[PDB]
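Inspection log for the structure reproduced underneath, given as structure tokens.
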Amino acid sequence: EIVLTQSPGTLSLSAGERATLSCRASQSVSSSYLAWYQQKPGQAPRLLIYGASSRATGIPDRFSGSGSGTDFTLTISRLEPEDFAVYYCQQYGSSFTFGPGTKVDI
Amino acid sequence: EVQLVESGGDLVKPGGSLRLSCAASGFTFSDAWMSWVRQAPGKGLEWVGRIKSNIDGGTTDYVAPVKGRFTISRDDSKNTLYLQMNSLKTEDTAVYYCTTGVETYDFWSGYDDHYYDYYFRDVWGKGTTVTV
Amino acid sequence: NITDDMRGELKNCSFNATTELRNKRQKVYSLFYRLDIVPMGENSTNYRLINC
Amino acid sequence: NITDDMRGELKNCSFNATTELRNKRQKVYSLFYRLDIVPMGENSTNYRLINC
Amino acid sequence: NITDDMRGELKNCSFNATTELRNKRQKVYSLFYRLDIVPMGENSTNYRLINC
Ligand SMILES: *[C@@H]1O[C@H](CO)[C@@H](O[C@@H]2O[C@H](CO)[C@@H](O[C@@H]3O[C@H](CO[C@H]4O[C@H](CO[C@H]5O[C@H](CO)[C@@H](O)[C@H](O)[C@@H]5O)[C@@H](O)[C@H](O[C@H]5O[C@H](CO)[C@@H](O)[C@H](O)[C@@H]5O)[C@@H]4O)[C@@H](O)[C@H](O[C@H]4O[C@H](CO)[C@@H](O)[C@H](O)[C@@H]4O)[C@@H]3O)[C@H](O)[C@H]2NC(C)=O)[C@H](O)[C@H]1NC(C)=O
Ligand SMILES: *[C@@H]1O[C@H](CO)[C@@H](O[C@@H]2O[C@H](CO)[C@@H](O)[C@H](O)[C@H]2NC(C)=O)[C@H](O)[C@H]1NC(C)=O
Ligand SMILES: *[C@@H]1O[C@H](CO)[C@@H](O[C@@H]2O[C@H](CO)[C@@H](O)[C@H](O)[C@H]2NC(C)=O)[C@H](O)[C@H]1NC(C)=O
Ligand SMILES: *[C@@H]1O[C@H](CO)[C@@H](O)[C@H](O)[C@H]1NC(C)=O
Ligand SMILES: *[C@@H]1O[C@H](CO)[C@@H](O)[C@H](O)[C@H]1NC(C)=O
Ligand SMILES: *[C@@H]1O[C@H](CO)[C@@H](O)[C@H](O)[C@H]1NC(C)=O
Ligand SMILES: *[C@@H]1O[C@H](CO)[C@@H](O)[C@H](O)[C@H]1NC(C)=O
Ligand SMILES: *[C@@H]1O[C@H](CO)[C@@H](O)[C@H](O)[C@H]1NC(C)=O
Ligand SMILES: *[C@@H]1O[C@H](CO)[C@@H](O)[C@H](O)[C@H]1NC(C)=O
């Protein structure tokens, strides 16, 4: 299957800071399949971004990402209290596997 | 408003079977591709499998570690998605969710597909379990 | 202020209408008699004109 | 199961058709004879109806 | 190279036109006489055809 890992392992940022989270695919999955999801603990994960670009409807514009080969990323331009959740990337290189989940904390 | 109305969660042992399911509301399944994902307590999200709409063939895709014992089917009458699990492992304890992508294209004219309003909604069920 | 005999008889419907220029659109609302519209999706706010 | 003489004669085509409602489209799958369609680009499944 | 008598008489206008296919668009530009167009924007370069 597709293996995704994340960096940093944990984010420690205050609200208002740029809480950037990146991930890496072992497989060179095209960016056209990249997606990121925000999971508030206890809740189903919520899609933020897909196709390494398109924002899901209802998602704030503070969320934007990018990526190419194995290097993929999600930017929160300014971290807000609503964002203290676990973030995952998903790469549909014929399978939608996910990275381990990285917590955003302070 | 679009909802996957999830049910069928129960208390089971590996030495048994369990069927989890989601009934749609608002959204229908005649064009719905659907997928199950699970999250064991303390773990991240692991894809279980995906079913394409029956109008596109009804082809399914399963994740190797859960293949065979976890299968996916569709009702096609009452908009219900089913995950049928049999002969499970002690490793299968998890919260299972049903998910789908809702694509709406509202065109500004019936004479050209150039100008339109594109809305994309990621819809999840509430989460049900497989126990050990 | 609607009397009992008018319940529901009229509906306040909004829609996205075309306009003079192909790349422009306008939001329009109007009052329709219930007999001219048909519900789409059983009980829902979505309705279509009877003869479409 | 296609007799050798018919290989390449038929193609299975998926398209976006208009619907009763101006703002909606539907996915349609139909079977065309090769003589009624032409390719658009080569090394691609983009085909269009012969007389458009 | 425009003589004084022709200043402001011609404009180079770009627009998106329809094509043979419902889903394909083309960029077209052409030279119009000023008498055939009417500005919709005040200082903007946005103009529309006189009879739309
Ligand atoms: C007839 O009409 C249909 C209308 O439906 C049309 O099909 C659509 O075509 C458009 C583009 O023309 C597609 O939109 C693009 O999709 C790109 C990537 O989307 C990815 O994710 C989609 C959703 O599935 C995932 O997400 C959910 C939610 O998390 C999740 O549950 C799922 O598990 C899954 O992960 C997925 O459907 C989509 O499928 C793609 O790949 C297949 C082949 O693999 C391809 O056939 C599809 O066309 C599609 O590319 C894909 O995995 C996205 O990157 C792209 O974004 C552009 O626009 C945005 C602006 O919104 C820009 O920001 C961005 O930079 C890009 O420019 C765009 O959104 C749409 O997905 C198709 N719909 C279908 C059915 O999938 C047909 O083309 C028309 N056909 C004819 C015959 O004319
Ligand atoms: C007319 O078009 C507008 C957009 O110009 C529609 O507004 C959308 O309404 C839904 C329902 O709340 C929202 O989820 C969308 O975010 C709105 N769109 C945007 C981009 O603002 C409106 O509903 C349309 N009306 C109809 C029914 O034709
Ligand atoms: C012709 O269509 C293209 C593609 O839609 C237009 O380019 C976009 O135009 C919008 C404004 O209408 C901008 O917001 C986008 O940033 C443009 N995108 C690109 C790819 O450049 C183009 O402007 C249209 N031409 C006309 C006549 O307006
Ligand atoms: C509408 O009806 C309410 C009672 O339900 C009344 O109080 C109100 O004054 C009426 N409005 C008008 C304009 O008559
Ligand atoms: C709208 O009118 C119908 C028909 O009279 C009635 O059944 C419904 O309860 C009314 N809804 C509201 C919000 O007033
Ligand atoms: C299709 O052709 C193959 C031989 O290439 C044959 O074995 C198969 O039975 C045929 N399909 C059906 C439905 O008869
Ligand atoms: C599809 O048909 C063409 C003939 O039109 C043939 O050359 C090609 O090899 C066939 N491809 C497949 C996958 O059957
Ligand atoms: C255009 O006009 C300039 C004077 O403003 C002149 O020098 C130039 O040669 C003209 N262009 C041509 C092709 O004659
Ligand atoms: C363009 O033409 C107008 C006359 O319609 C003139 O007033 C303006 O100064 C010209 N601008 C340029 C850059 O040549």
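If you're wondering about the labels, chains in the structure tokens are A, B, ... by order shown, residues count from 1 in each chain, ligands from 1 in order shown.
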Residues of chain D within 12 Å of chain C, only C-alpha atoms counted, as a list in words: residues 19, 20, 21, 22 and 23 of chain D
Store the residues of this selection in a file with N, CA and C atoms, as a PDB file, in the first residue's frame.
ATOM      1  N   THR D  19     -30.260  18.052 -19.285  1.00  0.00           N
ATOM      2  CA  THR D  19     -31.399  17.525 -18.552  1.00  0.00           C
ATOM      3  C   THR D  19     -32.589  18.447 -18.682  1.00  0.00           C
ATOM      4  N   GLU D  20     -33.699  18.102 -18.030  1.00  0.00           N
ATOM      5  CA  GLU D  20     -34.868  18.969 -18.066  1.00  0.00           C
ATOM      6  C   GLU D  20     -34.562  20.350 -17.493  1.00  0.00           C
ATOM      7  N   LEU D  21     -33.691  20.379 -16.479  1.00  0.00           N
ATOM      8  CA  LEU D  21     -33.360  21.642 -15.771  1.00  0.00           C
ATOM      9  C   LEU D  21     -32.108  22.277 -16.379  1.00  0.00           C
ATOM     10  N   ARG D  22     -32.153  23.576 -16.685  1.00  0.00           N
ATOM     11  CA  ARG D  22     -31.045  24.254 -17.306  1.00  0.00           C
ATOM     12  C   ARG D  22     -29.774  24.223 -16.527  1.00  0.00           C
ATOM     13  N   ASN D  23     -29.844  24.156 -15.217  1.00  0.00           N
ATOM     14  CA  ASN D  23     -28.608  24.176 -14.494  1.00  0.00           C
ATOM     15  C   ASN D  23     -28.079  22.794 -14.126  1.00  0.00           C
TER      16      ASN D  23
END
At most 12 Å from ligand 3 (only C-alpha atoms and all ligand atoms): residue list as a PyMOL selection string: (chain B and resi 113-116) or (chain C and resi 21-24) or (chain E and resi 13-18+24-30+45-48)
Selection within 7 Å of ligand 7 by only C-alpha atoms and all ligand atoms, output as a PyMOL selection string: chain D and resi 7-9
Distance query residue 48 in chain B at most 7 Å, only C-alpha atoms, self and fewer than 3 positions along chain excluded, as a list in words: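 Using only C-alpha atoms, the neighbours found are residues 36, 37, 38, 62, 63 and 66 of chain B.
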Could you list the residues in chain B lying within 10 Å of chain D, using only C-alpha atoms, and format the result as a PDB file with C-alpha atoms, in the first residue's frame?
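For reference, part_19.pdb as written:
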ATOM      1  CA  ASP B  31     -24.134   8.186  -8.557  1.00  0.00           C
ATOM      2  CA  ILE B  55     -23.945   2.716 -13.083  1.00  0.00           C
ATOM      3  CA  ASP B  56     -20.116   2.729 -13.534  1.00  0.00           C
ATOM      4  CA  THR B 104     -22.514  19.764  -7.415  1.00  0.00           C
ATOM      5  CA  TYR B 105     -22.209  21.643 -10.672  1.00  0.00           C
ATOM      6  CA  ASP B 106     -24.878  24.336 -11.052  1.00  0.00           C
ATOM      7  CA  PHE B 107     -24.654  25.672 -14.560  1.00  0.00           C
ATOM      8  CA  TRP B 108     -25.515  29.224 -15.498  1.00  0.00           C
ATOM      9  CA  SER B 109     -26.892  28.224 -18.856  1.00  0.00           C
ATOM     10  CA  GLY B 110     -28.175  25.191 -20.708  1.00  0.00           C
ATOM     11  CA  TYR B 111     -26.233  26.251 -23.930  1.00  0.00           C
ATOM     12  CA  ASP B 113     -20.721  24.355 -19.824  1.00  0.00           C
ATOM     13  CA  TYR B 116     -21.031  27.502 -13.345  1.00  0.00           C
ATOM     14  CA  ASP B 117     -20.972  27.157  -9.511  1.00  0.00           C
TER      15      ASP B 117
END
All helix (DSSP H, G or I) residues (DSSP, backbone) inside chain D, as a count of residues only: 6
I'd like a table as JSON lines: residues in chain C with an atom no more than 12 Å from ligand 4, each row giving the shortest atom pair and its distance in Å to one decimal, only C-alpha atoms and all ligand atoms counted, sorted by chain and rising residue number.
{"residue": "C:1", "atom": "CA", "partner": "ligand 4", "partner_atom_place_in_ligand_line": "1 (C)", "distance": 4.5}
{"residue": "C:2", "atom": "CA", "partner": "ligand 4", "partner_atom_place_in_ligand_line": "1 (C)", "distance": 8.0}
{"residue": "C:3", "atom": "CA", "partner": "ligand 4", "partner_atom_place_in_ligand_line": "2 (O)", "distance": 9.7}
{"residue": "C:4", "atom": "CA", "partner": "ligand 4", "partner_atom_place_in_ligand_line": "5 (O)", "distance": 12.0}
Exercise: residue 65 in chain A partners within 12 Å, only C-alpha atoms, chain neighbours under 4 positions left out, as a VMD selection string: chain A and resid 19 to 23 31 to 32 34 to 37 48 to 55 61 71 to 77 89
What would the file look like if the residues just selected were written as a compact mmCIF listing (two decimals), in the first residue's frame with N, CA, C and O atoms?
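As a result, part.txt now contains:
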# COMPACT_ATOMS: atom_id res chain seq x y z
N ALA A 19 1.16 27.67 11.30
CA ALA A 19 1.27 26.26 11.66
C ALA A 19 1.40 25.35 10.45
O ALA A 19 0.44 24.70 10.05
N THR A 20 2.59 25.34 9.87
CA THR A 20 2.82 24.54 8.67
C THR A 20 3.11 23.08 9.04
O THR A 20 3.95 22.80 9.89
N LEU A 21 2.42 22.17 8.37
CA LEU A 21 2.61 20.73 8.51
C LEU A 21 2.87 20.09 7.16
O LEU A 21 2.11 20.30 6.21
N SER A 22 3.93 19.31 7.06
CA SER A 22 4.26 18.68 5.80
C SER A 22 4.22 17.16 5.96
O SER A 22 4.16 16.66 7.09
N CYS A 23 4.22 16.42 4.82
CA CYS A 23 4.25 14.96 4.82
C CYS A 23 5.03 14.44 3.62
O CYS A 23 5.35 15.17 2.67
N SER A 31 0.40 14.95 -7.35
CA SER A 31 -0.22 15.93 -6.47
C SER A 31 -1.71 16.04 -6.69
O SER A 31 -2.44 16.43 -5.78
N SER A 32 -2.17 15.60 -7.87
CA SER A 32 -3.61 15.69 -8.23
C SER A 32 -4.48 14.80 -7.32
O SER A 32 -5.71 14.81 -7.52
N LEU A 34 -3.58 14.47 -3.82
CA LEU A 34 -3.33 14.92 -2.44
C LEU A 34 -4.55 15.51 -1.77
O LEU A 34 -5.23 16.38 -2.32
N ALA A 35 -4.74 15.13 -0.51
CA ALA A 35 -5.76 15.73 0.30
C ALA A 35 -5.32 15.83 1.74
O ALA A 35 -4.48 15.06 2.19
N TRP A 36 -5.87 16.79 2.46
CA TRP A 36 -5.63 16.90 3.90
C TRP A 36 -6.95 17.01 4.64
O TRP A 36 -7.88 17.67 4.16
N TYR A 37 -6.96 16.40 5.83
CA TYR A 37 -8.18 16.36 6.67
C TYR A 37 -7.85 16.80 8.10
O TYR A 37 -6.78 16.43 8.60
N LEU A 48 -10.17 19.32 4.26
CA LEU A 48 -9.86 20.72 4.13
C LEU A 48 -9.58 21.08 2.68
O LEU A 48 -10.09 22.06 2.14
N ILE A 49 -8.72 20.26 2.09
CA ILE A 49 -8.17 20.48 0.76
C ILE A 49 -8.01 19.19 -0.02
O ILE A 49 -7.72 18.15 0.57
N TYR A 50 -8.25 19.23 -1.34
CA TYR A 50 -8.04 18.04 -2.20
C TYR A 50 -7.35 18.47 -3.50
O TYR A 50 -7.25 19.69 -3.71
N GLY A 51 -6.90 17.52 -4.32
CA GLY A 51 -6.21 17.84 -5.59
C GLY A 51 -5.05 18.79 -5.34
O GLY A 51 -4.77 19.61 -6.24
N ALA A 52 -4.39 18.67 -4.19
CA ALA A 52 -3.31 19.55 -3.76
C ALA A 52 -3.63 21.00 -4.03
O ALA A 52 -2.70 21.79 -4.21
N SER A 53 -4.91 21.40 -4.03
CA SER A 53 -5.25 22.80 -4.37
C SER A 53 -6.69 23.16 -3.99
O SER A 53 -6.88 24.10 -3.21
N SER A 54 -7.66 22.45 -4.55
CA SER A 54 -9.09 22.82 -4.33
C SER A 54 -9.49 22.76 -2.86
O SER A 54 -9.25 21.73 -2.22
N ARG A 55 -10.10 23.84 -2.34
CA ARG A 55 -10.57 23.87 -0.98
C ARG A 55 -11.96 23.27 -0.94
O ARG A 55 -12.73 23.46 -1.88
N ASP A 61 -10.47 30.17 4.40
CA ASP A 61 -9.39 30.45 3.47
C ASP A 61 -8.02 30.59 4.09
O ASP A 61 -7.03 30.86 3.41
N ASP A 71 6.96 15.16 -1.86
CA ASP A 71 6.92 16.30 -0.95
C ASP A 71 5.59 17.06 -1.02
O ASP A 71 5.31 17.70 -2.04
N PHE A 72 4.76 16.92 0.04
CA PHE A 72 3.44 17.55 0.07
C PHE A 72 3.27 18.38 1.34
O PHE A 72 3.79 18.01 2.40
N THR A 73 2.51 19.48 1.27
CA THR A 73 2.35 20.32 2.46
C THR A 73 1.01 21.04 2.64
O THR A 73 0.30 21.38 1.67
N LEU A 74 0.67 21.30 3.90
CA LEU A 74 -0.49 22.09 4.30
C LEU A 74 -0.14 23.30 5.15
O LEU A 74 0.48 23.19 6.22
N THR A 75 -0.59 24.46 4.72
CA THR A 75 -0.37 25.68 5.45
C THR A 75 -1.63 26.24 6.06
O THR A 75 -2.67 26.40 5.42
N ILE A 76 -1.52 26.58 7.33
CA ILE A 76 -2.55 27.28 8.04
C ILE A 76 -1.91 28.65 8.13
O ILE A 76 -0.87 28.79 8.77
N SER A 77 -2.45 29.66 7.45
CA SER A 77 -1.71 30.92 7.39
C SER A 77 -1.55 31.57 8.75
O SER A 77 -0.52 32.19 9.03
N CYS A 89 -2.66 13.68 5.91
CA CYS A 89 -2.61 13.82 4.45
C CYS A 89 -3.02 12.45 3.91
O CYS A 89 -2.80 11.41 4.54
Selection: 9 Å around residue 86 in chain B, only C-alpha atoms, excl. self and same-chain fewer than 6 positions, as a VMD selection string: chain B and resid 14 to 19 68 to 71
Just N, CA, C and O atoms for this one: save the residues we selected as a compact mmCIF listing (two decimals), in the first residue's frame.
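Heads up, here's the output in part38.txt:
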# COMPACT_ATOMS: atom_id res chain seq x y z
N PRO B 14 -14.30 -11.62 17.47
CA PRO B 14 -13.70 -12.04 16.21
C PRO B 14 -14.42 -13.27 15.62
O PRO B 14 -14.65 -13.38 14.41
N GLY B 15 -14.87 -14.16 16.52
CA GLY B 15 -15.58 -15.39 16.17
C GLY B 15 -17.06 -15.12 15.91
O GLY B 15 -17.93 -15.61 16.63
N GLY B 16 -17.33 -14.34 14.88
CA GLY B 16 -18.67 -13.90 14.53
C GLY B 16 -18.67 -13.09 13.24
O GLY B 16 -17.78 -13.25 12.39
N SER B 17 -19.73 -12.30 13.07
CA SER B 17 -19.90 -11.48 11.89
C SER B 17 -20.66 -10.22 12.27
O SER B 17 -21.37 -10.18 13.29
N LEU B 18 -20.49 -9.18 11.48
CA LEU B 18 -21.15 -7.90 11.71
C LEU B 18 -21.38 -7.11 10.44
O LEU B 18 -20.48 -6.98 9.62
N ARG B 19 -22.58 -6.58 10.26
CA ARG B 19 -22.80 -5.74 9.10
C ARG B 19 -23.08 -4.31 9.53
O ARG B 19 -24.03 -4.06 10.27
N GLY B 68 -11.13 -9.59 1.77
CA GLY B 68 -11.80 -10.88 1.91
C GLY B 68 -12.73 -10.95 3.11
O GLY B 68 -13.91 -11.29 2.98
N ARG B 69 -12.19 -10.68 4.29
CA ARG B 69 -13.02 -10.70 5.49
C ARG B 69 -13.89 -9.43 5.61
O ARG B 69 -14.93 -9.45 6.26
N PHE B 70 -13.48 -8.31 4.97
CA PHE B 70 -14.29 -7.09 4.93
C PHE B 70 -14.73 -6.79 3.50
O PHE B 70 -13.88 -6.43 2.68
N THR B 71 -16.03 -6.87 3.19
CA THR B 71 -16.46 -6.56 1.81
C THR B 71 -17.54 -5.48 1.75
O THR B 71 -18.26 -5.21 2.71
Surrounding residues of residue 32 in chain E excluding itself and chain neighbours under 3 positions, 7 Å, only C-alpha atoms, as a list in words: residues 10, 11, 12 and 36 of chain E
Non-local contacts of residue 54 in chain B (10 Å; only C-alpha atoms; under 6 positions in same chain excluded) as a compact mmCIF listing (two decimals) with N, CA, C and O atoms, in the first residue's frame:
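Now in around_4.txt:
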# COMPACT_ATOMS: atom_id res chain seq x y z
N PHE B 29 -27.69 7.43 -3.71
CA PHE B 29 -26.52 6.66 -4.09
C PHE B 29 -26.44 6.20 -5.53
O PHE B 29 -25.49 5.51 -5.90
N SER B 30 -27.34 6.66 -6.39
CA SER B 30 -27.30 6.22 -7.78
C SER B 30 -26.02 6.66 -8.50
O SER B 30 -25.59 6.03 -9.47
N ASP B 31 -25.38 7.71 -8.02
CA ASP B 31 -24.13 8.19 -8.56
C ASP B 31 -23.10 8.35 -7.45
O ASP B 31 -22.16 9.13 -7.59
N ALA B 32 -23.27 7.63 -6.35
CA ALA B 32 -22.35 7.83 -5.24
C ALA B 32 -21.27 6.81 -5.13
O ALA B 32 -21.54 5.61 -5.01
N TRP B 33 -20.05 7.29 -5.12
CA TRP B 33 -18.94 6.40 -4.88
C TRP B 33 -18.80 6.46 -3.39
O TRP B 33 -19.01 7.54 -2.80
N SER B 73 -20.88 -3.66 -0.39
CA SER B 73 -21.99 -3.77 -1.34
C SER B 73 -22.97 -2.60 -1.22
O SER B 73 -22.93 -1.82 -0.26
N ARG B 74 -23.85 -2.46 -2.21
CA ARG B 74 -24.84 -1.37 -2.23
C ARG B 74 -26.24 -1.90 -2.50
O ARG B 74 -26.42 -2.78 -3.34
N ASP B 75 -27.23 -1.32 -1.81
CA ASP B 75 -28.66 -1.65 -1.91
C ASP B 75 -29.38 -1.22 -3.21
O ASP B 75 -30.19 -1.97 -3.76
N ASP B 76 -29.17 0.05 -3.60
CA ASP B 76 -29.76 0.61 -4.85
C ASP B 76 -31.28 0.83 -4.77
O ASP B 76 -31.87 1.09 -5.84
Interface list for chain B, partner chain A, 9 Å threshold, only C-alpha atoms, as a VMD selection string: chain B and resid 43 to 47 49 61 to 64 97 119 to 127
Grab the residues selected above and save them as a PDB file, in the first residue's frame with N, CA, C and O atoms.
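As a result, selection37.pdb now contains:
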ATOM      1  N   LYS B  43      -4.798   5.031  17.013  1.00  0.00           N
ATOM      2  CA  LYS B  43      -4.252   4.958  15.666  1.00  0.00           C
ATOM      3  C   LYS B  43      -4.773   6.040  14.728  1.00  0.00           C
ATOM      4  O   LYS B  43      -5.687   6.803  15.059  1.00  0.00           O
ATOM      5  N   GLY B  44      -4.145   6.119  13.556  1.00  0.00           N
ATOM      6  CA  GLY B  44      -4.544   7.058  12.525  1.00  0.00           C
ATOM      7  C   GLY B  44      -5.607   6.415  11.648  1.00  0.00           C
ATOM      8  O   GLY B  44      -6.224   5.427  12.041  1.00  0.00           O
ATOM      9  N   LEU B  45      -5.823   6.971  10.477  1.00  0.00           N
ATOM     10  CA  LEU B  45      -6.884   6.515   9.594  1.00  0.00           C
ATOM     11  C   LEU B  45      -6.418   5.483   8.582  1.00  0.00           C
ATOM     12  O   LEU B  45      -5.514   5.740   7.789  1.00  0.00           O
ATOM     13  N   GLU B  46      -7.040   4.316   8.600  1.00  0.00           N
ATOM     14  CA  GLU B  46      -6.691   3.253   7.677  1.00  0.00           C
ATOM     15  C   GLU B  46      -7.836   2.983   6.724  1.00  0.00           C
ATOM     16  O   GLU B  46      -8.964   2.719   7.130  1.00  0.00           O
ATOM     17  N   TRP B  47      -7.568   3.066   5.443  1.00  0.00           N
ATOM     18  CA  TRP B  47      -8.611   2.840   4.454  1.00  0.00           C
ATOM     19  C   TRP B  47      -9.002   1.364   4.463  1.00  0.00           C
ATOM     20  O   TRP B  47      -8.132   0.511   4.599  1.00  0.00           O
ATOM     21  N   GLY B  49     -11.800   0.066   2.196  1.00  0.00           N
ATOM     22  CA  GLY B  49     -12.179  -0.239   0.812  1.00  0.00           C
ATOM     23  C   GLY B  49     -13.125   0.795   0.192  1.00  0.00           C
ATOM     24  O   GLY B  49     -13.597   1.714   0.869  1.00  0.00           O
ATOM     25  N   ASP B  61     -12.714  -1.965  -4.631  1.00  0.00           N
ATOM     26  CA  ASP B  61     -11.306  -1.909  -4.301  1.00  0.00           C
ATOM     27  C   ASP B  61     -11.102  -2.140  -2.817  1.00  0.00           C
ATOM     28  O   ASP B  61     -11.695  -1.447  -1.989  1.00  0.00           O
ATOM     29  N   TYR B  62     -10.293  -3.119  -2.451  1.00  0.00           N
ATOM     30  CA  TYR B  62     -10.097  -3.369  -1.029  1.00  0.00           C
ATOM     31  C   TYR B  62      -8.647  -3.276  -0.669  1.00  0.00           C
ATOM     32  O   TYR B  62      -7.775  -3.532  -1.505  1.00  0.00           O
ATOM     33  N   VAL B  63      -8.412  -2.904   0.573  1.00  0.00           N
ATOM     34  CA  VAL B  63      -7.088  -2.807   1.149  1.00  0.00           C
ATOM     35  C   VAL B  63      -6.612  -4.193   1.566  1.00  0.00           C
ATOM     36  O   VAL B  63      -7.323  -4.912   2.258  1.00  0.00           O
ATOM     37  N   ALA B  64      -5.410  -4.567   1.131  1.00  0.00           N
ATOM     38  CA  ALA B  64      -4.887  -5.915   1.345  1.00  0.00           C
ATOM     39  C   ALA B  64      -5.067  -6.493   2.766  1.00  0.00           C
ATOM     40  O   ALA B  64      -5.676  -7.556   2.871  1.00  0.00           O
ATOM     41  N   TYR B  97     -16.051   4.287   9.690  1.00  0.00           N
ATOM     42  CA  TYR B  97     -16.836   5.365   9.151  1.00  0.00           C
ATOM     43  C   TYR B  97     -17.075   5.130   7.680  1.00  0.00           C
ATOM     44  O   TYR B  97     -16.178   4.638   6.985  1.00  0.00           O
ATOM     45  N   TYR B 119     -19.547  23.176  -6.138  1.00  0.00           N
ATOM     46  CA  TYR B 119     -19.536  22.980  -4.659  1.00  0.00           C
ATOM     47  C   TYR B 119     -19.087  21.551  -4.356  1.00  0.00           C
ATOM     48  O   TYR B 119     -19.682  20.652  -5.007  1.00  0.00           O
ATOM     49  N   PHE B 120     -18.114  21.369  -3.438  1.00  0.00           N
ATOM     50  CA  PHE B 120     -17.591  20.018  -3.054  1.00  0.00           C
ATOM     51  C   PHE B 120     -17.751  19.765  -1.566  1.00  0.00           C
ATOM     52  O   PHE B 120     -17.048  20.516  -0.831  1.00  0.00           O
ATOM     53  N   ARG B 121     -18.555  18.767  -1.158  1.00  0.00           N
ATOM     54  CA  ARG B 121     -18.839  18.472   0.278  1.00  0.00           C
ATOM     55  C   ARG B 121     -18.308  17.092   0.646  1.00  0.00           C
ATOM     56  O   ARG B 121     -18.649  16.127  -0.051  1.00  0.00           O
ATOM     57  N   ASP B 122     -17.505  17.018   1.705  1.00  0.00           N
ATOM     58  CA  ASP B 122     -16.993  15.709   2.186  1.00  0.00           C
ATOM     59  C   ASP B 122     -17.924  15.260   3.296  1.00  0.00           C
ATOM     60  O   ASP B 122     -17.908  15.888   4.369  1.00  0.00           O
ATOM     61  N   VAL B 123     -18.688  14.209   3.046  1.00  0.00           N
ATOM     62  CA  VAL B 123     -19.689  13.750   3.986  1.00  0.00           C
ATOM     63  C   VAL B 123     -19.295  12.442   4.644  1.00  0.00           C
ATOM     64  O   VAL B 123     -18.945  11.464   3.984  1.00  0.00           O
ATOM     65  N   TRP B 124     -19.345  12.457   5.971  1.00  0.00           N
ATOM     66  CA  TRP B 124     -19.013  11.331   6.836  1.00  0.00           C
ATOM     67  C   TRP B 124     -20.190  10.882   7.675  1.00  0.00           C
ATOM     68  O   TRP B 124     -21.018  11.701   8.080  1.00  0.00           O
ATOM     69  N   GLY B 125     -20.212   9.600   8.007  1.00  0.00           N
ATOM     70  CA  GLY B 125     -21.180   9.088   8.962  1.00  0.00           C
ATOM     71  C   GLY B 125     -20.661   9.433  10.362  1.00  0.00           C
ATOM     72  O   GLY B 125     -19.628  10.093  10.499  1.00  0.00           O
ATOM     73  N   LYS B 126     -21.375   9.007  11.401  1.00  0.00           N
ATOM     74  CA  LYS B 126     -21.002   9.331  12.781  1.00  0.00           C
ATOM     75  C   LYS B 126     -19.874   8.475  13.357  1.00  0.00           C
ATOM     76  O   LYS B 126     -19.170   8.909  14.272  1.00  0.00           O
ATOM     77  N   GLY B 127     -19.720   7.258  12.845  1.00  0.00           N
ATOM     78  CA  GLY B 127     -18.750   6.308  13.351  1.00  0.00           C
ATOM     79  C   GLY B 127     -19.405   5.220  14.205  1.00  0.00           C
ATOM     80  O   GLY B 127     -20.043   5.501  15.228  1.00  0.00           O
TER      81      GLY B 127
END
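Of note, CA of residue 41 in chain A and CA of residue 106 in chain A are spaced 15.9 Å apart.
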Straight-line distance linking CA of residue 40 in chain E with CA of residue 5 in chain E, stated in Å to one decimal: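 Those two atoms sit 25.0 Å apart.
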Distance of atom 74 (C, counted along the ligand's line) of ligand 1 from CA of residue 53 in chain B, expressed in Å to one decimal place: 11.6 Å
DSSP strand (DSSP E or B) residues within chain C, listed as a ChimeraX atom specification: /C:10-18,25-33,37-39,47-49
